[PDB]
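Protein chains in written order, with the numbering used here: chain A, 237 to 678; chain B, -2 to 145; chain C, 3 to 50; chain D, 134 to 234; chain E, 134 to 234; chain F, 11 to 59; chain G, -4 to 44.
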């Protein structure tokens, strides 16, 4: 009741969301009927901007169907996607869901400029700014749970604080590459290679350089650590994704050949030349997966799904790296301390826990791996393909993060923030400023 | 008057159903004109998962035909059904009655978590959990009235 | 159960939450709507 | 062809050899008075057993009559497809209209 | 013709020479019994390396079959132009309807 | 812990090897359900010191 | 828990958990065990205002 009270203190005078754009997103997190093609596309795009504008008709139809299906938005698990839809899909969406996407992005930018209202200026200390010493989210010591590029580790690399980094699939030190092809890919590798191939141009690729400014990863950290516990209320998890299994069904498409001099099919039920006709619904290909979760896709929009061969990633990689306390917290009694942080080099945010569906088997595409207690949905853990039956009591009220990913005491964010997110009675505006102020350092 | 205000106490802070979707569900409990094919489908599906996606076309038409007549939801006597409508029939319904099934399920999961707030952690005692000793619903000693 | 391919004589198909989420429905939700005017029935399946 | 007011009559193929259209009508056009001159050998509840075994086989004959209208049944849920170790197994929500023009 | 119950059969050319439509049902009618007498020389994970070099290579072959349905690929993003000192490098949204009448 | 090998069974590496010491003793840091004046009191809060 | 005059619970794994959760910090919490013949002895705090 105190922690919400300073949120209302900060809530006035700066940007507040509509109650429309809250109910659109919070229903999208609690959508137990969620069509799972959006999870495969989230891995298919793999946070690469070039894959987004390639599939732009397919993305804007998957939303427009899902906006005609439900009064919920589609890609609100991935912040890069919510950025790209406002960026590259400004015209061709229904305008009720466009203001939902527009209000959700600027509310992050409201929270980013909350810190700069409070931070006094000064010199640079330990190679860090004044705000990076002040607030956690400007500070690149912490890095978000779901990272696709290598910008998040790069700014964590170039420091006087970092302990070099521990990749763990192969070798201790992480390593970067330029681009990935279908002959270059190794869909289960043990060498710790990190792909930097999320940028705009396929012609422009740099091995040791960032593609994006500092406002890219910070608005990611403000989205995942703050807005995701704000709406979801502790039913969410960040899984590792089998890319070789996900890619195997996307590119497996059955589109019937068009007749010479015939119109493009707009009717999914009536026209046999439509890929969503009942004749074309074949098991284990993508158009029936478009038919399982009911998504209106016409002819060429699933035909531009061949842009996985130009850009794809081989697999996901868990990540655990430490950092020293900063300049300004660095007396010799505290200098031997380490703060362990967990992340995923690829991986999606599961919005709604479900195992009652079996259009996809429980555990084919995703293994749950809660890297953080904020991203530990209990039902995701309690419905793994092997979960021990003696833990059905203990996992119900306790989050489960393995110590390969991090510990509760050695995380950047300890327990009661996870507790405060699921227990607070404030509105999602008033909780957000209550939890945005919780991330000022000590 | 004590017991009601006792539920006013716990009622804040956690999920309440919308007042719109109450009148949708309540109007099916008082529905004298209730068509009995829904009762014949309910004995048909009998709490199976394979039967439900067989009859998935029939159920989404019967509900939508029932939704156009009265603003109510017809399968709300059987929770094994209502969970399947939310899990399997997400797309092809008008979304207002889709939210009728969505909110009623989401009010149960808010009631399952209410025990976990109040039950303290502890060992298993007599082979049973702590919440199985605390509250009756997590306790398997009582069993539901219709067990398919 | 889920499939005809999965037939279990005593192996569990559903979690214990599937037993609890039903119990809350009939005991807690339903009498708050039905207002006591409801009845349980057995089914003559041969005639049904 | 059966006489539906005699319980000793119906075998499961007596229903199946009759069409579904006449299955309703010969059960609409039988006689009121139940005749007990020769009872069913398994008892009088054995006839209701023998009767419903044939209507389900009368539906599977009716499903063959729509084979030029219905499609090949895909598995409804996962866990059952041929190649599993290299690609996943789906399952299809049979929610569409199985229809051939 | 690759056999999807054997690990040491799937190559890149066996999947690419098979069509995109002919790879759907043939994998759907393979053997559930996986042979273990002759494994893949780079492991069973190395066959999953080799199997997806054949599907994605046939996506480019699918682009040849639909070259009369889509258009020439223009660059979506910036930094790429022949004449740069007098005009910049544009970038197109591909949010239209790719369809050739 | 250090992560090892593939990430797929890394949850499963956690669940099986820890289950004896995890399920037995109660965790200290779930004390959020403890109230305000139930914090500083000596009953049920031997974790005061 | 100072004075016994009643039977305990039958599950002794339940009885100690019910007893060591009350006793663990009271001003009137008993000694190490209770004696068979004797008294609970009610351990003294160091001061009182």
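Every residue, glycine too, gets a C-beta built ideally from N, C-alpha and C.
- In this structure, does DSSP put residue 674 of chain A in helix, strand or coil? helix
- Query: Do we get a CB-CB distance below 8 Å when we pair residue 598 of chain A with the residues of chain H?
  - Reply: Annotation note: the requested chain H is absent from the structure, which comprises protein chains A, B, C, D, E, F and G.
- Task: Return no unless some Cβ of chain B is closer than 8 Å to the Cβ of residue 294 of chain A.
- Result: no
- Item | Pairwise C-alpha distance: residue 464 of chain A and residue 654 of chain A | 11 Å
- Task: Measuring alpha carbon to alpha carbon, tell me which of E:229, E:186 and E:213 ends up nearest residue 143 of chain E.
- Result: E:186
- Let me know if residue 406 of chain A comes out buried or exposed under the rule of 16 or more other beta-carbons within 10 Å of its beta-carbon. exposed
- Query: Once you ignore the five residues that flank residue 57 of chain F on each side, which residues in its own chain have a CB closer than 8 Å to its CB?
  - Reply: 38 and 41
- Return helix, strand or coil for residue 325 of chain A, following the three-state DSSP convention. coil
- Determine the contact status of residue 473 of chain A and residue 586 of chain A, defining contact as a CB-CB distance below 8 Å. yes
- Beta bridge counterpart(s) of residue 430 of chain A as assigned by DSSP: A:412
- Kindly indicate if chain G contains any beta-carbon less than 8 Å away from that of residue 133 of chain B. no
- For residue 169 of chain E, go through chain D and note every residue whose CB falls closer than 9 Å to its CB, in chain order. Going along chain D, no residue has its Cβ under 9 Å from residue 169 of chain E, so there is no contact; the nearest lies around 12 Å.
- Item | Expected contact under 8 Å - CB spacing of residue 320 of chain A and residue 285 of chain A to nearest Å | 6 Å
- Can at least three beta-carbon pairs, one atom from the region 190 to 199 of chain D and one from the region 161 to 174 of chain D, be found at a separation below 8 Å? no
- Query: To which residues does DSSP link residue 398 of chain A through a beta bridge?
  - Reply: A:559
- Quick one: give me the first and last residue of the beta strand (DSSP E) that residue 290 of chain A is part of. Looking at the DSSP string, residue 290 of chain A is not in any beta strand (DSSP E); the run it does join, the alpha helix (DSSP H), is 285 to 290.
- Can you tell which of D:204, D:136, D:149 and D:201 has its C-alpha closest to the C-alpha of residue 165 of chain D? D:136
- Query: Using CA coordinates, which residue listed in A:575, A:574, A:559 and A:627 is at the minimum distance from residue 391 of chain A?
  - Reply: A:559
- Task: Tell whether a beta-carbon distance below 8 Å holds between residue 537 of chain A and residue 297 of chain A.
- Result: yes
- Task: Would you decide whether residue 645 of chain A is buried or exposed? Buried here means 16 or more other CB atoms lie within 10 Å of its CB.
- Result: exposed
- Task: Just mark residue 34 of chain G as buried or exposed, buried being the case when its beta carbon has 16 or more other beta carbons within 10 Å.
- Result: exposed
- residue 489 of chain A and residue 521 of chain A closer than 8 Å at C-beta: yes
- Query: Which same chain residues, not among the five before or five after residue 177 of chain E, have their C-beta less than 6 Å away from its C-beta?
  - Reply: 140
- Cβ-Cβ distance between residue 532 of chain A and residue 301 of chain A below 8 Å: yes
- Query: Name the chain B residues whose beta carbon is nearer than 9 Å to that of residue 29 of chain F?
  - Reply: Neighbours of residue 29 of chain F on chain B: none; closest Cβ ~14 Å, over 9 Å.
- Does any CB atom of chain F fall closer than 8 Å to the CB of residue 124 of chain B? no
- Query: Between the beta-carbon of residue 460 of chain A and the beta-carbon of residue 340 of chain A, is there less than 8 Å?
  - Reply: no
- Query: Going along chain G in order, which residues have a C-beta closer than 8 Å to the C-beta of residue 120 of chain B?
  - Reply: 8 and 12
- With residue 515 of chain A and residue 161 of chain E assumed to form a contact (beta carbons below 8 Å), what rounded beta-carbon distance in angstroms separates them? Actually they do not touch by this definition, with Cβ atoms about 16 Å apart.
- Message: For residue 1 of chain B, count the other beta carbons within 10 Å of its own beta carbon; 16 or more makes it buried, fewer makes it exposed. Which is it?
- Response: exposed
- Query: Would you say residue 142 of chain E faces chain D, with C-beta separation under 8 Å as the test?
  - Reply: no
- Item | For residue 114 of chain B, the first and last residue of its enclosing alpha helix (DSSP H) | 92 to 115
- Message: Bridge partners for residue 125 of chain B per DSSP, in chain order?
- Response: B:122
- Message: Using CA atoms only, rank isn't needed, just tell me which of B:110, B:25 and B:75 is closest to residue 67 of chain B.
- Response: B:25
- Query: In whole angstroms, what separates the C-alpha of residue 49 of chain B from that of residue 42 of chain B?
  - Reply: 6 Å
- Can you give me the Cβ contacts of residue 523 of chain A inside the same chain, cut-off strictly under 7 Å, excluding the 5 residues immediately before and after it? 489, 490, 511, 512, 516, 517 and 538
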